[PDB]
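One file, run.tsv, is given below (TSV, C-alpha atoms and all ligand atoms).
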```
chain	number	residue	atom	x	y	z
D	3	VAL	CA	-5.33	58.78	135.22
D	4	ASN	CA	-5.62	58.55	139.02
D	5	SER	CA	-3.45	57.27	141.87
D	6	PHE	CA	-5.28	54.02	142.70
D	7	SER	CA	-3.06	50.96	142.22
D	8	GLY	CA	-3.49	47.19	142.20
D	9	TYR	CA	-7.21	47.00	141.41
D	10	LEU	CA	-9.13	44.46	139.35
D	11	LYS	CA	-11.27	46.22	136.74
D	12	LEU	CA	-14.69	44.62	137.04
D	13	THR	CA	-16.49	46.91	134.59
D	14	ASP	CA	-16.07	50.19	132.75
D	15	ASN	CA	-16.47	52.11	136.03
D	16	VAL	CA	-16.11	49.63	138.94
D	17	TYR	CA	-12.77	48.43	140.35
D	18	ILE	CA	-11.99	46.18	143.34
D	19	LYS	CA	-8.98	45.34	145.54
D	20	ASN	CA	-8.23	43.20	148.61
D	21	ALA	CA	-7.28	45.94	151.09
D	22	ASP	CA	-8.27	47.80	154.26
D	23	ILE	CA	-10.14	50.95	153.20
D	24	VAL	CA	-8.38	52.80	156.03
D	25	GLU	CA	-4.95	51.97	154.60
D	26	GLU	CA	-6.07	52.73	151.04
D	27	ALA	CA	-7.32	56.12	152.22
D	28	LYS	CA	-4.11	56.91	154.12
D	29	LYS	CA	-2.03	56.07	151.02
D	30	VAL	CA	-4.14	57.65	148.27
D	31	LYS	CA	-5.78	60.57	150.12
D	32	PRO	CA	-8.75	60.38	147.72
D	33	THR	CA	-11.18	63.21	147.12
D	34	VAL	CA	-13.97	61.06	148.60
D	35	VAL	CA	-13.84	58.11	150.99
D	36	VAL	CA	-17.18	56.42	151.68
D	37	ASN	CA	-18.11	55.43	155.21
D	38	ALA	CA	-20.54	52.59	155.89
D	39	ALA	CA	-22.51	54.76	158.29
D	40	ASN	CA	-25.60	54.23	160.41
D	41	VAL	CA	-28.40	56.78	160.72
D	42	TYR	CA	-26.99	58.18	163.99
D	43	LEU	CA	-23.42	58.51	162.65
D	44	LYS	CA	-22.31	56.46	165.68
D	45	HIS	CA	-19.03	55.10	164.34
D	46	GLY	CA	-18.58	52.21	166.73
D	47	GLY	CA	-17.28	49.29	164.68
D	48	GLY	CA	-16.82	47.86	161.24
D	49	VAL	CA	-15.61	50.25	158.56
D	50	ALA	CA	-17.04	53.22	160.47
D	51	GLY	CA	-15.28	52.38	163.72
D	52	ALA	CA	-12.01	51.81	161.87
D	53	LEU	CA	-12.21	55.07	159.89
D	54	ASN	CA	-13.12	57.04	162.99
D	55	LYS	CA	-10.27	55.52	165.01
D	56	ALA	CA	-7.84	56.54	162.26
D	57	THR	CA	-9.05	60.17	162.66
D	58	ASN	CA	-8.35	60.07	166.42
D	59	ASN	CA	-12.15	60.45	167.01
D	60	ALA	CA	-12.35	63.74	165.05
D	61	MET	CA	-14.85	62.10	162.68
D	62	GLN	CA	-17.12	61.28	165.64
D	63	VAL	CA	-16.86	64.80	167.11
D	64	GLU	CA	-17.82	66.33	163.75
D	65	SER	CA	-20.59	63.78	163.29
D	66	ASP	CA	-22.13	64.51	166.70
D	67	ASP	CA	-22.39	68.19	165.79
D	68	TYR	CA	-23.95	67.25	162.44
D	69	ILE	CA	-26.63	65.13	164.14
D	70	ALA	CA	-27.30	67.75	166.82
D	71	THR	CA	-28.06	70.25	164.03
D	72	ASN	CA	-29.76	68.08	161.40
D	73	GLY	CA	-31.08	64.94	163.10
D	74	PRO	CA	-30.51	61.41	161.84
D	75	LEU	CA	-29.94	60.42	158.25
D	76	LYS	CA	-32.39	58.26	156.34
D	77	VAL	CA	-31.61	54.63	155.60
D	78	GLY	CA	-30.44	54.87	152.00
D	79	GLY	CA	-29.28	58.46	152.52
D	80	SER	CA	-25.97	60.20	152.96
D	81	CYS	CA	-24.16	63.35	153.99
D	82	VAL	CA	-20.81	64.87	153.02
D	83	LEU	CA	-18.49	65.69	155.92
D	84	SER	CA	-14.76	66.21	156.25
D	85	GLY	CA	-12.38	63.43	155.33
D	86	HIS	CA	-10.02	64.59	158.10
D	87	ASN	CA	-6.54	63.05	157.64
D	88	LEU	CA	-7.86	60.33	155.30
D	89	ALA	CA	-9.45	62.12	152.32
D	90	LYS	CA	-10.72	65.52	151.31
D	91	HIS	CA	-14.32	64.49	152.05
D	92	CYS	CA	-16.08	61.58	153.68
D	93	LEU	CA	-19.41	60.56	152.14
D	94	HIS	CA	-21.28	58.89	155.01
D	95	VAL	CA	-23.75	56.49	153.36
D	96	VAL	CA	-26.36	54.46	155.24
D	97	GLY	CA	-27.07	51.07	153.73
D	98	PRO	CA	-29.94	49.00	155.13
D	99	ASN	CA	-29.12	46.82	158.12
D	100	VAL	CA	-30.86	43.51	157.49
D	101	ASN	CA	-30.28	42.49	161.12
D	102	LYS	CA	-32.85	45.23	161.93
D	103	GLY	CA	-35.38	44.23	159.26
D	104	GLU	CA	-34.48	47.14	156.98
D	105	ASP	CA	-35.48	46.79	153.32
D	106	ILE	CA	-32.58	45.40	151.28
D	107	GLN	CA	-34.05	47.29	148.31
D	108	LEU	CA	-32.73	50.39	150.07
D	109	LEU	CA	-29.21	49.25	149.16
D	110	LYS	CA	-29.79	50.51	145.63
D	111	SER	CA	-30.81	53.91	147.01
D	112	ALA	CA	-27.68	53.91	149.17
D	113	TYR	CA	-25.39	53.29	146.20
D	114	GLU	CA	-27.16	56.01	144.17
D	115	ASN	CA	-25.46	58.55	146.46
D	116	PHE	CA	-22.15	57.58	144.85
D	117	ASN	CA	-23.32	59.04	141.51
D	118	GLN	CA	-22.96	62.55	142.93
D	119	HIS	CA	-19.15	62.10	143.00
D	120	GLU	CA	-16.91	61.50	140.01
D	121	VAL	CA	-14.45	59.19	141.84
D	122	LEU	CA	-14.76	57.43	145.21
D	123	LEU	CA	-12.97	54.96	147.44
D	124	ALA	CA	-15.61	52.79	149.08
D	125	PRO	CA	-16.43	49.61	151.03
D	126	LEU	CA	-19.21	47.12	150.27
D	127	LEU	CA	-22.29	48.75	151.76
D	128	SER	CA	-24.69	46.69	153.89
D	129	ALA	CA	-22.11	43.85	154.08
D	130	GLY	CA	-19.93	43.00	157.07
D	131	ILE	CA	-21.63	43.73	160.38
D	132	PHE	CA	-24.63	45.23	158.54
D	133	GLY	CA	-25.69	41.66	157.72
D	134	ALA	CA	-26.13	41.47	153.92
D	135	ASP	CA	-24.31	39.17	151.49
D	136	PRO	CA	-21.22	40.93	150.05
D	137	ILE	CA	-21.82	39.19	146.69
D	138	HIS	CA	-25.18	40.95	146.48
D	139	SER	CA	-23.68	44.27	147.61
D	140	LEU	CA	-21.11	44.09	144.81
D	141	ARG	CA	-23.79	43.35	142.20
D	142	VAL	CA	-26.01	46.26	143.28
D	143	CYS	CA	-22.93	48.50	143.19
D	144	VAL	CA	-22.07	47.47	139.63
D	145	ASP	CA	-25.69	47.87	138.49
D	146	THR	CA	-26.22	51.25	140.21
D	147	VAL	CA	-23.02	53.30	140.36
D	148	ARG	CA	-22.03	55.00	137.10
D	149	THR	CA	-19.17	57.10	138.44
D	150	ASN	CA	-15.71	55.65	139.08
D	151	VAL	CA	-15.70	53.55	142.24
D	152	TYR	CA	-12.68	51.83	143.80
D	153	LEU	CA	-13.91	49.15	146.20
D	154	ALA	CA	-11.68	47.96	149.04
D	155	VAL	CA	-12.53	44.56	150.53
D	156	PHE	CA	-10.50	43.72	153.65
D	157	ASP	CA	-11.52	40.06	153.99
D	158	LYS	CA	-9.32	38.03	151.64
D	159	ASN	CA	-11.56	34.95	151.54
D	160	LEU	CA	-14.57	37.09	150.59
D	161	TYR	CA	-12.56	39.00	147.98
D	162	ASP	CA	-11.65	35.69	146.32
D	163	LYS	CA	-15.33	34.64	146.34
D	164	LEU	CA	-16.45	37.99	144.88
D	165	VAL	CA	-13.91	37.73	142.05
D	166	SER	CA	-14.58	34.11	141.18
D	167	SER	CA	-18.36	34.51	141.02
D	168	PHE	CA	-18.44	37.77	139.07
D	169	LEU	CA	-18.65	37.12	135.31
B	201	LIG	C1	-13.25	44.46	158.93
B	201	LIG	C2	-13.65	45.96	158.91
B	201	LIG	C3	-12.94	46.74	157.88
B	201	LIG	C4	-11.89	47.62	158.16
B	201	LIG	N1	-11.41	48.19	156.97
B	201	LIG	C5	-12.18	47.63	155.93
B	201	LIG	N2	-11.98	47.98	154.64
B	201	LIG	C6	-12.82	47.35	153.81
B	201	LIG	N3	-13.79	46.45	154.14
B	201	LIG	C7	-13.93	46.15	155.45
B	201	LIG	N4	-14.93	45.23	155.79
B	201	LIG	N5	-15.67	44.53	154.92
B	201	LIG	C8	-15.11	43.52	154.09
B	201	LIG	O1	-13.94	43.23	154.09
B	201	LIG	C9	-16.22	42.91	153.25
B	201	LIG	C10	-17.42	43.86	153.45
B	201	LIG	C11	-17.13	44.64	154.75
B	201	LIG	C12	-17.59	46.10	154.68
B	201	LIG	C13	-13.13	46.73	156.46
B	202	CL	CL	-17.81	45.31	158.92
```
Would you put the structure from the file into structure tokens?
Amino acid sequence: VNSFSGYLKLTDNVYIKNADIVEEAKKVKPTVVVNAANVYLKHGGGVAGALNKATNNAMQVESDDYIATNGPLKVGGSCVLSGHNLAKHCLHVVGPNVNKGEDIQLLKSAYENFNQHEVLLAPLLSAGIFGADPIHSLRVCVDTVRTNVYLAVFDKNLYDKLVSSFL
């Protein structure tokens, strides 16, 4: 038993809710919150901008030090950093940005990072401002992640579409 509440069980291991991931994180304080990161960990907008704002920019400060030491992530890759006031850890995961021509097949690689964590709160990777169809992102998630994932979808109209088209 865990502290997540109000989710639709899509499968044995995937759950979904209409909520802002930032508010879910503040309420639950999960072990792992997933950020929809870019390779430079420049958290300007979308999920990343919202999470970073909620940390009062501490996420960005930590991220800039990470990049200065290690260089950029790979598309499809990830790193574990602090979750600051939102979670124990933040798993920064880079899904492909189809607006930049990046291979949508890399979305499966991106979701594979989730399997290194038993339970995660997460957004739909590559969707939103990253340009991919959220319906596709949800399907890849279900077909790739085997650990317990709680997906927060802020857009209510999209949530309804994701639910209705699922089975
Ligand atoms: C609007 C930005 C945002 C803030 N907090 C969020 N929490 C969850 N998802 C979010 N955005 N997204 C959707 O709602 C559908 C896919 C895309 C990632 C957000
Ligand atoms: Cl977004």
Output as CSV one row per residue of chain D within 9 Å of ligand CL 202 (chain B): the closest atom pair and its distance in Å to one decimal place, counting all atoms listed in the file, sorted by chain and residue number ascending.
```
residue,atom,partner,partner_atom,distance
D:38,CA,B:CL202,CL,8.3
D:47,CA,B:CL202,CL,7.0
D:48,CA,B:CL202,CL,3.6
D:49,CA,B:CL202,CL,5.4
D:50,CA,B:CL202,CL,8.1
D:51,CA,B:CL202,CL,8.9
D:126,CA,B:CL202,CL,8.9
D:128,CA,B:CL202,CL,8.6
D:129,CA,B:CL202,CL,6.6
D:130,CA,B:CL202,CL,3.6
D:131,CA,B:CL202,CL,4.4
D:132,CA,B:CL202,CL,6.8
D:133,CA,B:CL202,CL,8.8
```
What is the atom CA of residue 149 of chain D to atom CA of residue 115 of chain D distance in Å?
10.3 Å
I need the residue nearest residue 22 of chain D from this list: D:122, D:52, D:140, D:146. Use all atoms listed in the file for the distance.
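Closest to residue 22 of chain D, using all atoms listed in the file: D:52.
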Go through D:3, D:39, D:142, D:21 one by one, measure the shortest atom-to-atom distance of each to ligand LIG 201 (chain B) using all atoms listed in the file, and give the residue with the smallest value.
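So, comparing all the options, the nearest one is D:21.
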Selection within 12 Å of ligand LIG 201 (chain B) by all atoms listed in the file, output as a PyMOL selection string:
chain D and resi 18-28+35-39+45-56+97+123-140+152-164
So that I can see what lies close to residue 74 of chain D, please list as a PyMOL selection string the residues with an atom at most 12 Å from it, counting only C-alpha atoms and leaving out residues fewer than 6 positions away in the same chain.
chain D and resi 39-44+65-68+80-81+94-96
Given all atoms listed in the file as the basis, pick out the residue of D:13, D:83, D:32, D:90 nearest to residue 147 of chain D.
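Closest residue, counting all atoms listed in the file: D:13.
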Just add N, CA, C and O atoms to segment 121-146 of chain D and send it as a PDB file, in the coordinates of the input.
```
ATOM      1  N   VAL D 121     -15.358  60.275 141.451  1.00  0.00           N
ATOM      2  CA  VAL D 121     -14.450  59.190 141.840  1.00  0.00           C
ATOM      3  C   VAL D 121     -14.565  59.000 143.350  1.00  0.00           C
ATOM      4  O   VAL D 121     -14.556  59.976 144.112  1.00  0.00           O
ATOM      5  N   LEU D 122     -14.635  57.740 143.789  1.00  0.00           N
ATOM      6  CA  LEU D 122     -14.760  57.430 145.210  1.00  0.00           C
ATOM      7  C   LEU D 122     -13.994  56.175 145.561  1.00  0.00           C
ATOM      8  O   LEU D 122     -13.888  55.253 144.755  1.00  0.00           O
ATOM      9  N   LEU D 123     -13.444  56.164 146.771  1.00  0.00           N
ATOM     10  CA  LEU D 123     -12.970  54.960 147.440  1.00  0.00           C
ATOM     11  C   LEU D 123     -14.076  54.498 148.377  1.00  0.00           C
ATOM     12  O   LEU D 123     -14.590  55.308 149.155  1.00  0.00           O
ATOM     13  N   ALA D 124     -14.428  53.214 148.341  1.00  0.00           N
ATOM     14  CA  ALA D 124     -15.610  52.790 149.080  1.00  0.00           C
ATOM     15  C   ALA D 124     -15.509  51.347 149.556  1.00  0.00           C
ATOM     16  O   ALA D 124     -14.795  50.526 148.959  1.00  0.00           O
ATOM     17  N   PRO D 125     -16.275  50.998 150.601  1.00  0.00           N
ATOM     18  CA  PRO D 125     -16.430  49.610 151.030  1.00  0.00           C
ATOM     19  C   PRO D 125     -17.694  49.020 150.429  1.00  0.00           C
ATOM     20  O   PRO D 125     -18.459  49.734 149.767  1.00  0.00           O
ATOM     21  N   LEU D 126     -17.957  47.739 150.688  1.00  0.00           N
ATOM     22  CA  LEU D 126     -19.210  47.120 150.270  1.00  0.00           C
ATOM     23  C   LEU D 126     -20.304  47.455 151.276  1.00  0.00           C
ATOM     24  O   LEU D 126     -20.338  46.904 152.385  1.00  0.00           O
ATOM     25  N   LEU D 127     -21.228  48.325 150.875  1.00  0.00           N
ATOM     26  CA  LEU D 127     -22.290  48.750 151.760  1.00  0.00           C
ATOM     27  C   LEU D 127     -23.228  47.599 152.097  1.00  0.00           C
ATOM     28  O   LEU D 127     -23.461  46.692 151.293  1.00  0.00           O
ATOM     29  N   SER D 128     -23.764  47.659 153.314  1.00  0.00           N
ATOM     30  CA  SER D 128     -24.690  46.690 153.890  1.00  0.00           C
ATOM     31  C   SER D 128     -24.060  45.336 154.217  1.00  0.00           C
ATOM     32  O   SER D 128     -24.707  44.526 154.879  1.00  0.00           O
ATOM     33  N   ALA D 129     -22.815  45.094 153.797  1.00  0.00           N
ATOM     34  CA  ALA D 129     -22.110  43.850 154.080  1.00  0.00           C
ATOM     35  C   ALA D 129     -21.414  43.960 155.443  1.00  0.00           C
ATOM     36  O   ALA D 129     -21.657  44.888 156.220  1.00  0.00           O
ATOM     37  N   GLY D 130     -20.553  42.998 155.757  1.00  0.00           N
ATOM     38  CA  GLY D 130     -19.930  43.000 157.070  1.00  0.00           C
ATOM     39  C   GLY D 130     -20.969  42.949 158.162  1.00  0.00           C
ATOM     40  O   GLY D 130     -21.970  42.225 158.069  1.00  0.00           O
ATOM     41  N   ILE D 131     -20.746  43.745 159.215  1.00  0.00           N
ATOM     42  CA  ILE D 131     -21.630  43.730 160.380  1.00  0.00           C
ATOM     43  C   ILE D 131     -23.026  44.254 160.098  1.00  0.00           C
ATOM     44  O   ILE D 131     -23.904  44.107 160.956  1.00  0.00           O
ATOM     45  N   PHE D 132     -23.274  44.830 158.913  1.00  0.00           N
ATOM     46  CA  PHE D 132     -24.630  45.230 158.540  1.00  0.00           C
ATOM     47  C   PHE D 132     -25.488  44.066 158.043  1.00  0.00           C
ATOM     48  O   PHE D 132     -26.692  44.253 157.841  1.00  0.00           O
ATOM     49  N   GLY D 133     -24.912  42.879 157.827  1.00  0.00           N
ATOM     50  CA  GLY D 133     -25.690  41.660 157.720  1.00  0.00           C
ATOM     51  C   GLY D 133     -25.987  41.137 156.327  1.00  0.00           C
ATOM     52  O   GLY D 133     -26.412  39.978 156.220  1.00  0.00           O
ATOM     53  N   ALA D 134     -25.796  41.925 155.269  1.00  0.00           N
ATOM     54  CA  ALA D 134     -26.130  41.470 153.920  1.00  0.00           C
ATOM     55  C   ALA D 134     -24.979  40.687 153.296  1.00  0.00           C
ATOM     56  O   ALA D 134     -23.834  40.743 153.748  1.00  0.00           O
ATOM     57  N   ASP D 135     -25.301  39.957 152.229  1.00  0.00           N
ATOM     58  CA  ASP D 135     -24.310  39.170 151.490  1.00  0.00           C
ATOM     59  C   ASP D 135     -23.418  40.094 150.674  1.00  0.00           C
ATOM     60  O   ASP D 135     -23.931  40.856 149.840  1.00  0.00           O
ATOM     61  N   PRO D 136     -22.094  40.062 150.859  1.00  0.00           N
ATOM     62  CA  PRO D 136     -21.220  40.930 150.050  1.00  0.00           C
ATOM     63  C   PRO D 136     -21.334  40.684 148.547  1.00  0.00           C
ATOM     64  O   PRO D 136     -21.118  41.620 147.771  1.00  0.00           O
ATOM     65  N   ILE D 137     -21.629  39.454 148.115  1.00  0.00           N
ATOM     66  CA  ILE D 137     -21.820  39.190 146.690  1.00  0.00           C
ATOM     67  C   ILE D 137     -22.959  40.042 146.143  1.00  0.00           C
ATOM     68  O   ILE D 137     -22.862  40.635 145.060  1.00  0.00           O
ATOM     69  N   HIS D 138     -24.061  40.112 146.889  1.00  0.00           N
ATOM     70  CA  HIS D 138     -25.180  40.950 146.480  1.00  0.00           C
ATOM     71  C   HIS D 138     -24.810  42.427 146.503  1.00  0.00           C
ATOM     72  O   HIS D 138     -25.156  43.175 145.580  1.00  0.00           O
ATOM     73  N   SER D 139     -24.093  42.867 147.540  1.00  0.00           N
ATOM     74  CA  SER D 139     -23.680  44.270 147.610  1.00  0.00           C
ATOM     75  C   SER D 139     -22.848  44.653 146.392  1.00  0.00           C
ATOM     76  O   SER D 139     -23.039  45.731 145.815  1.00  0.00           O
ATOM     77  N   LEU D 140     -21.920  43.786 145.983  1.00  0.00           N
ATOM     78  CA  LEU D 140     -21.110  44.090 144.810  1.00  0.00           C
ATOM     79  C   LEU D 140     -21.963  44.208 143.554  1.00  0.00           C
ATOM     80  O   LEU D 140     -21.740  45.095 142.723  1.00  0.00           O
ATOM     81  N   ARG D 141     -22.945  43.316 143.394  1.00  0.00           N
ATOM     82  CA  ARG D 141     -23.790  43.350 142.200  1.00  0.00           C
ATOM     83  C   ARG D 141     -24.603  44.640 142.132  1.00  0.00           C
ATOM     84  O   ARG D 141     -24.668  45.294 141.084  1.00  0.00           O
ATOM     85  N   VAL D 142     -25.250  45.014 143.241  1.00  0.00           N
ATOM     86  CA  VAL D 142     -26.010  46.260 143.280  1.00  0.00           C
ATOM     87  C   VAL D 142     -25.100  47.437 142.955  1.00  0.00           C
ATOM     88  O   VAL D 142     -25.474  48.342 142.200  1.00  0.00           O
ATOM     89  N   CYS D 143     -23.886  47.438 143.505  1.00  0.00           N
ATOM     90  CA  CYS D 143     -22.930  48.500 143.190  1.00  0.00           C
ATOM     91  C   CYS D 143     -22.709  48.594 141.686  1.00  0.00           C
ATOM     92  O   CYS D 143     -22.842  49.664 141.083  1.00  0.00           O
ATOM     93  N   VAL D 144     -22.377  47.471 141.054  1.00  0.00           N
ATOM     94  CA  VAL D 144     -22.070  47.470 139.630  1.00  0.00           C
ATOM     95  C   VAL D 144     -23.267  47.939 138.806  1.00  0.00           C
ATOM     96  O   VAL D 144     -23.103  48.609 137.780  1.00  0.00           O
ATOM     97  N   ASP D 145     -24.474  47.569 139.223  1.00  0.00           N
ATOM     98  CA  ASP D 145     -25.690  47.870 138.490  1.00  0.00           C
ATOM     99  C   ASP D 145     -26.291  49.231 138.835  1.00  0.00           C
ATOM    100  O   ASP D 145     -27.315  49.607 138.254  1.00  0.00           O
ATOM    101  N   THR D 146     -25.678  49.979 139.751  1.00  0.00           N
ATOM    102  CA  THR D 146     -26.220  51.250 140.210  1.00  0.00           C
ATOM    103  C   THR D 146     -25.256  52.410 140.041  1.00  0.00           C
ATOM    104  O   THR D 146     -25.665  53.498 139.615  1.00  0.00           O
TER     105      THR D 146
END
```
